[PDB]
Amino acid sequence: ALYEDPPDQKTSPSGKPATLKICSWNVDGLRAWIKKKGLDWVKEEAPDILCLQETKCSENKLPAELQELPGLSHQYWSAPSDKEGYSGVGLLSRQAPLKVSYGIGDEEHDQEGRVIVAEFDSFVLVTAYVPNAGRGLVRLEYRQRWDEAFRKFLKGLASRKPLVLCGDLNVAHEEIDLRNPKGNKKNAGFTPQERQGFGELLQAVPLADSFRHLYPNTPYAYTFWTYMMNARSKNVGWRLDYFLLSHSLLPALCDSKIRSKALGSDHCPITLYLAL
């Protein structure tokens, strides 16, 4: 049915003003996204940090428009070593992070340009494009190994500094997170193994699902719609894109937004407001 993202809440349960705006977007290919004017939307959104997934673009063959982005001048990219036109992520920031790194410290999982880590003064930001299980659960064995390695890597990071994880985690956690839970219970993105992995991640690290924490029973809020059969026009979708937070950041959480109407990809952007 209907999802209308509520107005932007820019103050925390404390009462402090939001100071940081992070936007995450699976752009389904940088060049296609830019031609659909995705950068015009980003300029209006004016995030402090922009995280992109499925750039599908080699680090050294980036569109020139990305140079023309004045408030996001510190830009870091990662793409597959072997593959091209496949996966790829980016992290663009108004202020320079203290340190950047790539991957999750495990060679097997670090070959596909999926993870960038950006350390800031008071928190560490990870953006991720999580591996897809495959039409029919083909790579679901690999994906369960990814989940375990990813969880271990993130618990490590969170033990040193408060953690914000964002991006396309490629799972709808609960039935409320997709339109057809029944028909997809053996499809990539909604297998019990993927959902259990996600739940493990929440409590093991631990991390809070920022959107679901603020809006525990808001249904029909999705971040992805298959282009097939114009699913988006019908709001037949999945919530695959998240901001997960360390519990210590929850007093900082102002809002977690789903930018339902922003066009340019088969995912829409999500945006996080933190008071730091």
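One rule holds for the numbers: they count along the sequence shown, beginning at 1.
- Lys182, present in the displayed chain, carries coordinates in each of the other PDB entries compared that cover both sides of it, far from a third leaving it out.
- For the cut-off of one third of the other compared entries, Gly105 qualifies: that many or more give it no coordinates while modelling its flanks.
- Taking only CA atoms, the mean B-factor in the PDB entry is higher for 61 to 69 than for the other of 227 to 235 and 61 to 69.
- As listed in the deposited structure, the average C-alpha B-factor of 1 to 9 and of 267 to 275 is greater for 1 to 9.
- Per the deposited coordinates, the residue with the largest Cα temperature factor out of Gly90, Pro131, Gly103, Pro80 is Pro80.
- For the set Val138, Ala172, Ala96, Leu125, the PDB entry puts the maximum C-alpha B factor at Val138.
- Among the modelled residues of its chain, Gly197 has a C-alpha B-factor that falls in the highest third according to the deposited record.
- When the CA B factors of the chain's modelled residues are split into thirds, the value for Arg145 lands in the highest one.
- The entry lists a Cα temperature factor for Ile49 that places it in the lowest third of the chain's modelled residues.
- When the CA B factors of the chain's modelled residues are split into thirds, the value for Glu119 lands in the lowest one.
- Ranked by C-alpha B-factor against the other modelled residues of its chain, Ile22 falls in the lowest third.
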